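**Q** What follows is a structure written as structure tokens; I'll ask about it next.
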Amino acid sequence: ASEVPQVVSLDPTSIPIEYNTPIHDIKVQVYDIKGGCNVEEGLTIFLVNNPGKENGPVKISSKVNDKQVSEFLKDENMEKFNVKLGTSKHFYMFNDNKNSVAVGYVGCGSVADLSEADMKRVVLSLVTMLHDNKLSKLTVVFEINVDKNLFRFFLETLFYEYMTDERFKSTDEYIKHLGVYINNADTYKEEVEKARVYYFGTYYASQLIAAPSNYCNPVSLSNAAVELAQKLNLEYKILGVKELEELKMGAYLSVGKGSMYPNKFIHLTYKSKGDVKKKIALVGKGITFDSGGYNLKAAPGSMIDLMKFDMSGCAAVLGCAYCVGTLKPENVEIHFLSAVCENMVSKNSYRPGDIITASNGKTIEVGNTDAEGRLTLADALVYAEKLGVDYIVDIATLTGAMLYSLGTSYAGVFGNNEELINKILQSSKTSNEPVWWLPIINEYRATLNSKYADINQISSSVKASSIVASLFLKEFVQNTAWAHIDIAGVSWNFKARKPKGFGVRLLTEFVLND
Amino acid sequence: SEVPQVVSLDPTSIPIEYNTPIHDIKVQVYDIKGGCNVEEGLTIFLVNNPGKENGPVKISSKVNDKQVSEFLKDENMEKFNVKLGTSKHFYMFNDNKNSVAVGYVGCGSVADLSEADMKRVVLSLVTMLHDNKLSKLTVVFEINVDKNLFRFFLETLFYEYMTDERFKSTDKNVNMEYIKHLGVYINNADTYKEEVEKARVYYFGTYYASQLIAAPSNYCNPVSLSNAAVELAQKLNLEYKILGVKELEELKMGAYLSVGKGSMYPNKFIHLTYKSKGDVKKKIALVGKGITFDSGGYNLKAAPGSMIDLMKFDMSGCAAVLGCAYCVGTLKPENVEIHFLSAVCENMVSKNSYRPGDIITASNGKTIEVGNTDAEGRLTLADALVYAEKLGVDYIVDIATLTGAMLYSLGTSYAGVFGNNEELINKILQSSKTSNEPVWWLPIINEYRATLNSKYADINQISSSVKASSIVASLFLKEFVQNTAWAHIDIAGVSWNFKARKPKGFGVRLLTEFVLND
Amino acid sequence: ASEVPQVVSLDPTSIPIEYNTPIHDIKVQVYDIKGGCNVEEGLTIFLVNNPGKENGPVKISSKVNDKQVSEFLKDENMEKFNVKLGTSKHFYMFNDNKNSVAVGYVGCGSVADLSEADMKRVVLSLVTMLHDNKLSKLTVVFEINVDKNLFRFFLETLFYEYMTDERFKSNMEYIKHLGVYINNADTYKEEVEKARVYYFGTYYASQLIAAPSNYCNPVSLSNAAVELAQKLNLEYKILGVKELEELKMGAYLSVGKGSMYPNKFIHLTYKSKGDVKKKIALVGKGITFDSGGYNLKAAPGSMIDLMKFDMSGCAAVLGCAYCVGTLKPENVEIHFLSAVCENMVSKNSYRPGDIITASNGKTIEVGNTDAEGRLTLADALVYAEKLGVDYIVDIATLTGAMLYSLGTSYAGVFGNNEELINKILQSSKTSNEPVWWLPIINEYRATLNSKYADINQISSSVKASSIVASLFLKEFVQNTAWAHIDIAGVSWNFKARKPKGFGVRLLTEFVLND
Ligand SMILES: [Zn+2]
Ligand SMILES: [Zn+2]
Ligand SMILES: [Zn+2]
């Protein structure tokens, strides 16, 4: 940890982090639906669908251990309501002990197998029932089929969407118990604490992303990474400017020349206690603010105000270290890397046209100072490869063109090894964080031929930027299976005006499945 | 106090002319009933024809000279008309056989002249003084004007006549001489005599504001401007205090300090005070926006129409306040205590600048999410308004070149006024009427307040959905006044005279009248 | 009826209009709150506040005539909920007779004086419940204070927002009963059928606006006006191209030159049965599609896809004819005028630079074909002044600058007569359609001095376009009190994606109170 420089004494010197969240105090109990449902304090919600009958009637199938409640929920009363996805209703009644109880349902539609996006919709409806109601307990009854992974996803999403970030509130009551009734409850029980770990990894990444760039700068972000490593007993090394110069990391150093915050390179290590059978490097893009540099983000739709989110890759990688440090997988050694800097406008900034030398000796002609993420990634990839790992996976908010290709719902994966790419797709399936494979088109490579330097940073002819940037990055991996995840489109949730913490669960499923 | 320089040729003060040639003009008001002596220089009749649009010129005064009277006969004048702003020059020999210049300016056919009408009349008169060498001008009012409008006539004649040559070097105007005497003939002269020296004080407050606004950003920076304010206070015997960065850190003025983080000039907060001898009945804070240059910061002013070359003028609010301090310090009103406040800084691009997305904390403890670094004026004004309210004052009035949207609502002639108290608003509209500086009341629409809701901070600096940005800025400002009558004058559209390529010094007379009226 | 031209046989030949709406089937009853509440049937909603306590607990005071619901409404239950403006909850339960009811509340925040905008939010939250409700009755309990006009505004807004427009389409049932409990119920009763009339005026204007330009064109619009006039027994005349040529309406006819639809000038008249003491012309801008013409709407932000709404003023004037023809004021004669045409790109369109002659003989130099609204209004105003009326009021979606001056909530009013402006502002207050007085600054008039014509259509220097447009219109009224209402910013509800029908209630209040 290093001292964070300040312009004025009011400049903050750390990122505030909440570790002990109210989600962590919630006691979760899972019961088997075969024993019937007890219905007492709090709110009890049934998840009901009607397969094949679009907006069909509600029917409650589980046994309920209360005669008054069973009478309320009989088919004759419930058929006046429907299962349209996301629809919900609240019921109030007195039970067999003459106590008042709150019951309800959320509609899960008429398709038997819910997609990740469907389930999020169900969760959002459920969370509007928790907001503005002081409840001590929620009980959820699954009258719908879900596999183990989708059940976990239900929990993670619930926790994440319910949790509210109030770190930056100044002048401006969570349940204590969650009951779940499900068929074959004993097989779903194992997902509960995994879900709690996954929730905090994602929420932790989200806290880092959402923290503005005066709070979250290269020095305070690397200090947060140190403090994480100390709580988790990971090994850690933060490389500063003198060390970076010695390693000849001139692509990464040039991007950070115009910042008042010194570059800091984050290297965290998890090692398994047993024989190591696989070595992995996870590389996240870490630009704490992206002004564009002398290629300033001034054009309509450039969104300079969103640019604190340009370290979302480093955040996903640190959220992954949290989950890995907590779950403790065997047989694996994982390095978590991020070349952290800030891209600013200064007398000291690198310029359009500058020629700079990366730590593998390749000279690069800078065509646009706003394509800085690929320069910092190029030195981090060289460093990752020198570690002698089996796989290198990077994750980055790299290109705006992602919005035009896959949009805000799916991230793109590119890579040089099909087996690795399949493992990432497999991890997408089991994490329920959607990614789609996109090609590295070798025909475009000639457009990176520089008249003067070994290579151009950008294409002056090809508009397919996310592909061009993957071609550039590929030049910095000589002999290792490598994949690149571009999360520029999926990282920020525009509708809810907050980060998704996207990638933490995807990467962690990758490591654990391996 | 010491102004930092990058090279030794960078200026270390704003040049300021105090004893201007207007101050050397001897002015005498004479009653028209005695008739006009016509003996030297230029004599101009202000003449109308009520009813008859572009009607003929007919002189109504007695003139105590046979020759000049002969020249001014109706038959001779009938070739000429009274269309607003039209003028003519005559040359003749009086009874003492000395050459004499005589003339008229047309004042139209509507016997009640607006502020804009009287401005056209003065402009034509000033064209008659330019490119001529004259020792004496006399003006004969053959029109009806109230006391305020007669004073406006003199203030405007003085301001428009005065030429600002501080930054000329090889191109100083060789042929520029000023009159030494001004005679005015008018009905019931004794009653207008009091307006002469008041006009002279109002002219200078206004010209002084103009000098600071016109001074480029390399002459007028936060250190040199706060230094000029100290000098002004010292000449007037006002109490004064300039708060520096260490004091502003202790006061926790985080919104104001974030704006100046990227500047080579330390933030300086100006606080001057005028206090009447005897009973203080009203305490007022006047707060002026004092951004000495506004580049936009990282939301740089790069879009077509953004006029970054005009942005030395973004301290026009602070100039108005300082010109007001001049008039107040000179005229010495009773029963008031006036605080003249400006949070002065410069909005620049640097490794040190604040960024879009940053969350900063104001001196009242409110956290603010920056959505655009070029909305910097309301961040500075938020901390200045907290400071003003902690002074225990009865009224807070701020004046500011805040939003370019003023050009689309009121344009270049009228300023907009917003506020939280209808009595205060009405006092401002009243002073608008007696100062002849036009203002229009605009609404603070509370339905837009929800668009300032921030997901992370207590409040957003800017709306992402509402385009009525002068209204949104006022709703933002209103959050920094808890329980005091407050009004806000947006002068972004009126401050610069685009036609004449100079400042208006808008606001000095409006604020003084407001103070003196109280 | 004129025949509607068609390019293909599938082109529509009329505007579909619903006259008998489900709102017209609602039986409304108003009871005094001091008597306590009958809650035995249907959905009951309490409007509740907590003055001084930001986000304070809900507390319901009314005595209710049901033991189950009474239990539900006890303080210990309701304090789980808060009063933040627009927040709502509602619960299904069984009443003392084991019939299904539902009960809830809508939060009215912590300030006793509700504004109109505040009241819209309350209504929207109530409407959200209604759009999921199939109980046959709604009871609204006012545990808050509102004046007569605000209560009528509550009803108008409830009816307007509840009603949904399904004319172009190929969960709920509309209620049949509405009960209101409010203090001084006897005085509020006279507001009910006035609200229902104002609601339909506003909805009918809305149906015209929302109808796309292939349904709603100069011929189909003026046909609709004739059918309206017939149903209300108003006098009517539609002026066609040959009559408009005889009348020398050169400015209006030039704007419509490029359209396939002939210009149609609408003139309806209501005349009171008694002595006529005031004569009024209401003139509405009626461009059924504004492409901009050769000055095409191609710049970012020009919103060409919204430009079916450029007949909003005409629609307001026609909604007002409905209300006036229904309510039948005494002592007045009202002329409802619109110069209807469509502004298109064609070999036949007028061009930037054309000099055109208005029906008062003034020659006009066209500087921009997208400032067509004021050309059509110039001839309409001349037409109106020849009728010999006491007051002319025009209403028009005239300048996009309105979004930069007053925004989307308040319209601007400009005029040549202080007393008429005062009556408009007073009607704004009583109709709850907000307007703000803006000046006609005479110093800008010189910017309309054309080198070649009598006058310019636009300024080439002044950016205050709403004022400049008003200066231009003012040249076409010689000696009559006139006011101009610019509703460009307030006519379309961008968040709800539908028209407001703005101006119907303001116009009616103006005519009813004069
Ligand atoms: Zn970037
Ligand atoms: Zn500014
Ligand atoms: Zn139009």
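Residues are referred to by chain and number: the chain letter is A, B, ... according to the order shown in the structure tokens, the number counts from 1 in that chain, and ligands are numbered separately from 1 in the order shown.
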Excluding residue 51 of chain A and any residue of its chain fewer than 2 positions from it, enumerate the residues within 10 Å of it, using only C-alpha atoms, and give them as a list in words.
**A**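 Residues near the query, excluding close chain neighbours: residues 48, 49, 53, 54, 55, 56, 83, 108, 109, 110, 111, 112, 113 and 144 of chain A.
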**Q** Running DSSP on the backbone, which parts of segment 16-120 of chain A land in strand (DSSP E or B), as a PyMOL selection string?
**A** chain A and resi 27-32+37+43-48+57+64+82+88-94+100-107
**Q** Could the residues in this selection be saved with N, CA and C atoms as an mmCIF file, in the first residue's frame?
**A**
```
data_model
loop_
_atom_site.group_PDB
_atom_site.id
_atom_site.type_symbol
_atom_site.label_atom_id
_atom_site.label_comp_id
_atom_site.auth_asym_id
_atom_site.auth_seq_id
_atom_site.Cartn_x
_atom_site.Cartn_y
_atom_site.Cartn_z
ATOM 1 N N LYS A 27 -30.206 -15.453 7.820
ATOM 2 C CA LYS A 27 -30.165 -16.921 7.984
ATOM 3 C C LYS A 27 -31.052 -17.629 6.956
ATOM 4 N N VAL A 28 -30.483 -18.544 6.182
ATOM 5 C CA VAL A 28 -31.210 -19.181 5.091
ATOM 6 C C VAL A 28 -31.572 -20.638 5.476
ATOM 7 N N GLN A 29 -32.829 -21.010 5.347
ATOM 8 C CA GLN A 29 -33.229 -22.406 5.670
ATOM 9 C C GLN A 29 -33.929 -22.956 4.436
ATOM 10 N N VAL A 30 -33.622 -24.208 4.112
ATOM 11 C CA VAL A 30 -34.184 -24.867 2.926
ATOM 12 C C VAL A 30 -34.981 -26.082 3.390
ATOM 13 N N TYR A 31 -36.231 -26.156 2.983
ATOM 14 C CA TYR A 31 -37.076 -27.238 3.415
ATOM 15 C C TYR A 31 -37.550 -28.001 2.186
ATOM 16 N N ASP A 32 -37.888 -29.277 2.374
ATOM 17 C CA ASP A 32 -38.426 -30.084 1.277
ATOM 18 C C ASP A 32 -39.922 -29.860 1.209
ATOM 19 N N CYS A 37 -45.900 -26.916 3.596
ATOM 20 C CA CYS A 37 -45.428 -25.560 3.922
ATOM 21 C C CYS A 37 -46.135 -24.975 5.144
ATOM 22 N N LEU A 43 -43.533 -12.674 4.954
ATOM 23 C CA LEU A 43 -44.228 -12.736 3.699
ATOM 24 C C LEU A 43 -43.894 -14.114 3.048
ATOM 25 N N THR A 44 -44.870 -14.826 2.555
ATOM 26 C CA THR A 44 -44.603 -16.141 1.930
ATOM 27 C C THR A 44 -45.007 -15.981 0.471
ATOM 28 N N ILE A 45 -44.057 -16.179 -0.446
ATOM 29 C CA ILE A 45 -44.311 -16.044 -1.865
ATOM 30 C C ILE A 45 -44.198 -17.403 -2.616
ATOM 31 N N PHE A 46 -45.225 -17.739 -3.387
ATOM 32 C CA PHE A 46 -45.158 -18.913 -4.297
ATOM 33 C C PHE A 46 -44.696 -18.515 -5.693
ATOM 34 N N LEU A 47 -43.798 -19.298 -6.312
ATOM 35 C CA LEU A 47 -43.340 -19.095 -7.680
ATOM 36 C C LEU A 47 -44.113 -20.116 -8.500
ATOM 37 N N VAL A 48 -45.042 -19.610 -9.319
ATOM 38 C CA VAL A 48 -46.022 -20.429 -10.025
ATOM 39 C C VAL A 48 -45.976 -20.136 -11.522
ATOM 40 N N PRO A 57 -54.218 -19.444 -15.601
ATOM 41 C CA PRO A 57 -54.604 -19.217 -14.204
ATOM 42 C C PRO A 57 -53.560 -19.714 -13.213
ATOM 43 N N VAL A 64 -50.109 -27.090 2.138
ATOM 44 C CA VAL A 64 -49.890 -26.027 3.096
ATOM 45 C C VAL A 64 -50.457 -26.486 4.431
ATOM 46 N N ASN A 82 -53.540 -14.589 -12.801
ATOM 47 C CA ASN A 82 -52.740 -15.286 -13.824
ATOM 48 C C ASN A 82 -51.212 -15.243 -13.621
ATOM 49 N N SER A 88 -47.507 -10.063 -9.966
ATOM 50 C CA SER A 88 -47.531 -10.433 -8.543
ATOM 51 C C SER A 88 -48.741 -9.877 -7.781
ATOM 52 N N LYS A 89 -49.094 -10.574 -6.689
ATOM 53 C CA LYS A 89 -50.233 -10.213 -5.870
ATOM 54 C C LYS A 89 -49.889 -10.511 -4.420
ATOM 55 N N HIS A 90 -50.409 -9.667 -3.531
ATOM 56 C CA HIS A 90 -50.295 -9.812 -2.069
ATOM 57 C C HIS A 90 -51.672 -10.261 -1.507
ATOM 58 N N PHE A 91 -51.641 -11.185 -0.557
ATOM 59 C CA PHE A 91 -52.819 -11.690 0.137
ATOM 60 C C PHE A 91 -52.612 -11.512 1.662
ATOM 61 N N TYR A 92 -53.688 -11.229 2.371
ATOM 62 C CA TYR A 92 -53.729 -11.100 3.842
ATOM 63 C C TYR A 92 -54.876 -11.928 4.439
ATOM 64 N N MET A 93 -54.561 -12.668 5.489
ATOM 65 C CA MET A 93 -55.530 -13.577 6.065
ATOM 66 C C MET A 93 -55.132 -13.974 7.477
ATOM 67 N N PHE A 94 -56.060 -14.583 8.225
ATOM 68 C CA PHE A 94 -55.746 -15.108 9.552
ATOM 69 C C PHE A 94 -55.554 -16.620 9.497
ATOM 70 N N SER A 100 -52.398 -13.089 11.948
ATOM 71 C CA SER A 100 -52.438 -12.548 10.587
ATOM 72 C C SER A 100 -51.173 -12.983 9.870
ATOM 73 N N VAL A 101 -51.302 -13.345 8.599
ATOM 74 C CA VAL A 101 -50.184 -13.695 7.745
ATOM 75 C C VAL A 101 -50.314 -13.097 6.378
ATOM 76 N N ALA A 102 -49.138 -12.781 5.797
ATOM 77 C CA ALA A 102 -49.015 -12.252 4.442
ATOM 78 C C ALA A 102 -48.510 -13.369 3.525
ATOM 79 N N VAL A 103 -49.235 -13.592 2.435
ATOM 80 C CA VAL A 103 -48.903 -14.590 1.423
ATOM 81 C C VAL A 103 -48.987 -13.886 0.056
ATOM 82 N N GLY A 104 -48.326 -14.447 -0.955
ATOM 83 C CA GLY A 104 -48.421 -13.909 -2.318
ATOM 84 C C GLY A 104 -47.868 -14.867 -3.378
ATOM 85 N N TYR A 105 -47.804 -14.386 -4.608
ATOM 86 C CA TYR A 105 -47.146 -15.172 -5.679
ATOM 87 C C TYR A 105 -46.468 -14.272 -6.657
ATOM 88 N N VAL A 106 -45.484 -14.795 -7.343
ATOM 89 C CA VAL A 106 -44.925 -14.104 -8.503
ATOM 90 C C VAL A 106 -45.166 -15.046 -9.693
ATOM 91 N N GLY A 107 -45.699 -14.517 -10.792
ATOM 92 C CA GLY A 107 -45.843 -15.283 -12.051
ATOM 93 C C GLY A 107 -44.527 -15.602 -12.767
#
```
**Q** Can you tell me which residues sit at most 7 Å away from ligand 2, counting only C-alpha atoms and all ligand atoms, written as JSON, numbers by chain?
**A** {"B": [291, 294, 314, 374, 375, 376, 377, 401, 402]}
**Q** Using only C-alpha atoms, find the residues of chain B whose closest atom to chain A is at most 10 Å away, then write them as a count of residues only.
**A** 49
**Q** Would you list the contacts of residue 6 of chain C as a ChimeraX atom specification, taking every protein, DNA or RNA residue within 12 Å and counting only C-alpha atoms, but skipping same-chain residues closer than 2 positions in sequence?
**A** /C:3-4,8-14,214-215,217,219-220,260-261
**Q** Neighbours of ligand 3 within 10 Å, counting only C-alpha atoms and all ligand atoms, as a ChimeraX atom specification?
**A** /C:285-293,307-311,342-343,369-374,376,396-400,488
**Q** Please write the residues from the selection above to a file, keeping N, CA and C atoms, as a CSV table (one decimal), in the first residue's frame.
**A**
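Wrote again_15.csv, looks like this:
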```csv
chain,number,residue,atom,x,y,z
C,285,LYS,N,-52.8,25.3,-34.5
C,285,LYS,CA,-51.8,25.0,-35.6
C,285,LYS,C,-52.1,23.5,-36.0
C,286,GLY,N,-52.3,23.3,-37.3
C,286,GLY,CA,-52.8,21.9,-37.7
C,286,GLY,C,-51.9,21.4,-38.8
C,287,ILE,N,-50.6,21.1,-38.5
C,287,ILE,CA,-49.8,20.4,-39.5
C,287,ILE,C,-49.8,18.9,-39.2
C,288,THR,N,-50.4,18.1,-40.1
C,288,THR,CA,-50.6,16.7,-39.8
C,288,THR,C,-49.4,15.9,-39.9
C,289,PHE,N,-48.4,16.3,-40.7
C,289,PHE,CA,-47.0,15.8,-40.5
C,289,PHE,C,-46.1,16.9,-40.9
C,290,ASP,N,-45.1,17.1,-40.1
C,290,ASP,CA,-44.1,18.1,-40.5
C,290,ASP,C,-42.7,17.4,-40.8
C,291,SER,N,-42.4,17.2,-42.0
C,291,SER,CA,-41.1,16.6,-42.4
C,291,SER,C,-40.0,17.7,-42.3
C,292,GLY,N,-40.4,19.0,-42.3
C,292,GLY,CA,-39.5,20.2,-42.3
C,292,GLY,C,-39.5,20.8,-43.7
C,293,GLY,N,-40.0,20.0,-44.7
C,293,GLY,CA,-39.8,20.3,-46.1
C,293,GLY,C,-38.3,20.3,-46.6
C,307,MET,N,-43.4,13.8,-35.6
C,307,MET,CA,-44.0,15.0,-36.2
C,307,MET,C,-45.4,14.8,-36.7
C,308,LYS,N,-46.0,13.6,-36.5
C,308,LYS,CA,-47.5,13.5,-36.5
C,308,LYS,C,-48.1,14.4,-35.4
C,309,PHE,N,-47.3,14.8,-34.4
C,309,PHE,CA,-47.9,15.6,-33.3
C,309,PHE,C,-48.0,17.1,-33.6
C,310,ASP,N,-47.7,17.5,-34.8
C,310,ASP,CA,-47.6,18.9,-35.2
C,310,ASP,C,-49.0,19.5,-35.4
C,311,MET,N,-50.0,18.7,-35.3
C,311,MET,CA,-51.4,19.1,-35.3
C,311,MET,C,-52.0,19.1,-33.9
C,342,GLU,N,-50.1,19.7,-44.7
C,342,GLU,CA,-49.0,18.7,-44.4
C,342,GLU,C,-47.8,19.3,-45.1
C,343,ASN,N,-46.6,19.3,-44.4
C,343,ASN,CA,-45.3,19.9,-45.0
C,343,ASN,C,-44.4,18.9,-45.5
C,369,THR,N,-38.0,26.4,-44.6
C,369,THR,CA,-39.3,25.7,-44.8
C,369,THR,C,-39.8,24.9,-43.6
C,370,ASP,N,-38.9,24.6,-42.6
C,370,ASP,CA,-39.4,24.0,-41.3
C,370,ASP,C,-40.0,25.0,-40.3
C,371,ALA,N,-40.0,26.4,-40.6
C,371,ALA,CA,-40.8,27.3,-39.8
C,371,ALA,C,-42.1,27.6,-40.5
C,372,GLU,N,-42.8,26.5,-40.9
C,372,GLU,CA,-44.0,26.6,-41.6
C,372,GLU,C,-45.3,26.9,-40.7
C,373,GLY,N,-45.2,26.6,-39.4
C,373,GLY,CA,-46.3,26.7,-38.5
C,373,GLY,C,-46.8,28.2,-38.5
C,374,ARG,N,-45.8,29.1,-38.4
C,374,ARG,CA,-46.2,30.5,-38.3
C,374,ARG,C,-46.7,31.1,-39.7
C,376,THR,N,-48.8,29.2,-41.7
C,376,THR,CA,-50.2,28.8,-41.7
C,376,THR,C,-51.0,29.7,-40.7
C,396,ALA,N,-50.2,26.2,-30.4
C,396,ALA,CA,-49.4,25.6,-31.5
C,396,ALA,C,-48.1,25.0,-30.9
C,397,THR,N,-47.7,23.8,-31.5
C,397,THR,CA,-46.4,23.2,-31.3
C,397,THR,C,-45.4,24.0,-32.2
C,398,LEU,N,-45.0,25.2,-31.8
C,398,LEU,CA,-44.4,26.2,-32.7
C,398,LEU,C,-42.9,26.1,-32.7
C,399,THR,N,-42.2,26.2,-31.5
C,399,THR,CA,-40.7,26.2,-31.5
C,399,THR,C,-40.1,25.2,-30.6
C,400,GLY,N,-39.2,24.4,-31.1
C,400,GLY,CA,-38.4,23.5,-30.3
C,400,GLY,C,-37.6,24.2,-29.1
C,488,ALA,N,-45.1,23.4,-27.9
C,488,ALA,CA,-44.1,22.5,-28.5
C,488,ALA,C,-43.4,21.6,-27.4
```
**Q** Just checking: using only C-alpha atoms, which residue out of A:135, A:1, A:17, A:69 ends up closest to chain C?
**A** A:135
**Q** Which one of A:327, A:396, A:420, A:358 sits closest to ligand 1 if you count only C-alpha atoms and all ligand atoms?
**A** A:396
**Q** Please identify all residues of chain C having at least one atom at most 10 Å from any atom of chain B, considering only C-alpha atoms, and return them as an MDAnalysis selection string.
**A** chainID C and resid 115:118 400:410 436:444 462:468 495
**Q** If you take only C-alpha atoms and all ligand atoms and a cut-off of 6 Å, which residues of chain A touch ligand 1, and what are their nearest atom pairs and distances in Å to one decimal, in chain and number order, as a tab-separated table?
**A**
```
residue	atom	partner	partner_atom_place_in_ligand_line	distance
A:290	CA	ligand 1	1 (Zn)	5.3
A:310	CA	ligand 1	1 (Zn)	5.5
A:372	CA	ligand 1	1 (Zn)	5.9
A:373	CA	ligand 1	1 (Zn)	5.0
A:398	CA	ligand 1	1 (Zn)	5.8
```
